[PDB]
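Quick setup: the structure tokens below cover two forms of a single protein chain, split into structure 1 and structure 2.
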Structure 1
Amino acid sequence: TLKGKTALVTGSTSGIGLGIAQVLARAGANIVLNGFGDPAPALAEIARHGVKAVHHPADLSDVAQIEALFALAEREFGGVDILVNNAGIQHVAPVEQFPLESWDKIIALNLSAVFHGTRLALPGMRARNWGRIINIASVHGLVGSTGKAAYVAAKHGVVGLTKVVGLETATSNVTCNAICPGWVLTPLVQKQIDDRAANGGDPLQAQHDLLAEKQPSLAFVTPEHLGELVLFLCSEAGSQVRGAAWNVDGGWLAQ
């Protein structure tokens, strides 16, 4: 189904990114992995699927490090057919305590890296007259939360960016869309659970409450489910999906 294609998923070392990479590997795509931490588990999980993978540790804060990432993709697999711009970080604090460099570093990773990713993958997709660009935004690309100045700004930014690219690619076989998940139980969310449990004391309760306050299904979204959505978007049935931000969020945006 994706046999012949090369997907690059940024921040695929854990979480959502690793789940999406796994689902694309299962569909037959060769895989360029990226992110910090030990790359071994991710590479192991991908190789189970019978598909080739490499990993580059590029810090996407750093535009030159993004360029080296894409160039390893060029050299190892010939180019990127599917780019999933997923790598992202979170920092919680009132707007007037919001650390100036967390502001900077969230805009860097969560927004600018998405543009740099796009600008580097897009010429080869247009040349090859097929491509998919999927940006992992968030419900926070559509609405705010308290404490999330930087991330909401960045995510909104991605949603808008998605529109521009989806529009500029419209007359080609390249599409660009965003997936806006609600809560997924990854390290990035566990951190928030831990912080909420810090005073008081039940991590399981803090978990429920985190979820209950925003997410009426009371159930987390799974990386696999988001990987299957990406796969959807990569099919022919996604050919006229362009510039869209599709939420998978257990009701978060419905209210």
Structure 2
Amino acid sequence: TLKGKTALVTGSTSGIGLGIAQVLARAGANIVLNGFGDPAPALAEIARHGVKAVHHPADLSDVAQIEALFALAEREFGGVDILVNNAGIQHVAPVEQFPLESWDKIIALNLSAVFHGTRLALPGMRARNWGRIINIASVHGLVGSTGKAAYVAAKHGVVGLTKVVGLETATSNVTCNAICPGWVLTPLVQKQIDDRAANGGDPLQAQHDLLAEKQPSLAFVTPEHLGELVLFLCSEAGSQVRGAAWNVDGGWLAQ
């Protein structure tokens, strides 16, 4: 499928990023992983698919470090064919009490990192006349929730940026799109559930409690589901999908 391609997935040492990375690896792509932690387990999870991988620990709020991450991709793989901008971080507080440092960090990681990844990957994509930029946004790139000022702003910004990049690259074989997930089973969400079960509560009940307000299906989107969508967007059938923001959300945005 993607034999001969290289994908860079940000925040891919765990959760959504890792799930997407795994699907792409199985499809035959070499992977540039990024994220916190010993990367030996993550690299091994990719390499066991019979593909090459490297990792860079870049903190994507630091532009110098994002530059280092792309310089590594250029050195080891000759540049990125497929960039997955996957991100960071959340903080909940009413707008008037929303911490200034948390606003700045959420903007830096969830929004500005996407611009920097994009400006760094796009020249090589154009030069090779083939490329895919996939921005993992959120239902919160299309609607708001209480307590999430910075995250909703940042994710809406990503949806907007995606449109501009989709338009700028429209006459080329490079596309840029966004996927907007609802509730996803991440290690953090799984921890919330496990913490309920450790107290003695029922894990499925904990899930239904978490999802009831916003997600009609009461069922999680999985990293595997998102990886499969990324894989679709990288296919020939994705060639005229441009500047789109496709929601995978168990009905969140339908109401």
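Each form is matched to the other, and the largest set of C-alpha atoms that superpose within 1.5 Å is called the rigid core. Numbers given to residues start at 1 and step along the sequence of structure 1.
Go through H56, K214, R26, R196 and flag the only one whose CA is off by 2 Å or more between structures 1 and 2, rigid core held fixed.
Between the two forms, the residue that moves is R196.
Having superposed the rigid core, state how many Å the Cα of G182 shifts between structures 1 and 2.
With the rigid core fitted, the alpha carbon of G182 is displaced 0.3 Å between structures 1 and 2.
What's the distance in angstrom the Cα of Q205 travels between structures 1 and 2, core superposed?
Its C-alpha position differs by 4.8 Å.
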